[PDB]
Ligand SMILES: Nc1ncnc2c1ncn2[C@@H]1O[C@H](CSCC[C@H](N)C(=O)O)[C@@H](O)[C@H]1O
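Only one chain is shown below, in structure tokens, and it's the form deposited without the ligand.
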């Protein structure tokens, strides 16, 4: 059976983007599965396919294979191999073992929390391969949980559920991250609270020291935990009471009483703090995605610029600004243009300490822009 795409889809696969949408599929199989994709009689790639979804084609190979399933599982082995080294070296750490498209494993994500892996499948073809996935993980873990309750599964016509796949899945797990530890919650109705894409950026914070630090959009307090090691006072701000509860629990776990949580609207607080003359030696801005769609950019840009402008005005000379965006539509060029505008408007000279982004376990593909969503930059006020 073959999937036939139009010229538009052909140009996309030739450029090595991994997605072809339904409107560009001329014909294809009646059921979802793994099939070769063609432009006329020309082979283009092997892909996960679903005839009932908007994102119909997700490529994983750009060369033919006698056994599509074997090929896909080869990609799985290759992804795990890239993390082998770090798992033997840092067994109690938190790492992503499989990052979907980035690892040429569209529709599959696997996270590792101190020996306990959590699998999330969002493409129909993976469902029947979950047992093989669990066995591939076995050599590296104590247990495997199938957390398959993401709403995206509804699009693929998949059932929603959360069930163990291998071993005994614990309710909570302590993860070591540099000089601190945090508690992950593997239960369905509870916040996992790991946010691994920021693992390296959080560790990077350990090199800074000072009197007062402000962690805006603190969510589970990860950045705050690391800042507490070098700062006298760390204020963790977030509008989620539940998130701040986790933050307080993680601080307690580390015996870090110098972290105080504040339930408030980030935007209002920043302006208010500046109004009453409060100053900080470091501010971390890790807001949720301000721009969902490509049409939200203009408005998002203004929102980012405002929060960054207010953060910079709170900094003393020598102050540190750690700012990020996890909106893939807020492109890296737009992001840095925005911080430059905020700095210019605040009349503060900023030196670039470091331009970062996603860690090695959250791979980015140059040819597939959507894989690059996180930007993280650190600056110092001169």
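Numbering follows the first chain given and starts at 1. C-alpha atoms forming the largest set that superposes within 1.5 Å between two forms make up the rigid core.
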| item | value |
| --- | --- |
| Per the entry, higher mean C-alpha B factor between 292-300 and 214-222 | 292-300 |
| Given 196-204 and 155-163, the range whose Cα B-factors average higher in the PDB entry | 155-163 |
| Highest-ranked of 181, 83, 275, 310 once sorted by CA temperature factor in the record | 275 |
| Residue selected from 5, 1, 378, 381 by maximal Cα B factor | 1 |
| Ranked C-alpha temperature factor of residue 329 among modelled chain residues, by third | highest |
| Chain-relative CA temperature factor third for residue 143 | middle |
| Residue 99 - which third its CA temperature factor falls in, relative to the rest of the chain | lowest |
| CA B-factor ranking of residue 106, expressed as a third of its chain | lowest |
| Third of the chain, ranked by Cα B-factor, where residue 128 sits | middle |
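Note that the form solved in complex with the ligand isn't included here; everything after this is about it.
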{"property": "Segment that reaches the ligand in the bound PDB entry - one of 110-118, 274-282, 260-268, 158-166, heavy atoms within 4.5 Å", "result": "260-268"}
{"property": "Of 239, 174, 142, 152, the one that lies within 4.5 Å of the ligand in the bound PDB entry (heavy atoms)", "result": "239"}
{"property": "The unique member of 231, 204, 301, 219 whose heavy atoms fall within 4.5 Å of the ligand in the bound PDB entry", "result": "219"}
{"property": "Candidate site 195, 223 and 286: all three near the ligand in the bound PDB entry by heavy atom within 4.5 Å", "result": "yes"}
{"property": "Moved residue between this form and the one not shown - picked from 119, 291, 273, 79, where its Cα shifts 2 angstroms or more relative to the rigid core", "result": "291"}
{"property": "Shift of residue 349 between this form and the one not shown at or above 2 Å (CA, core fit)", "result": "yes"}
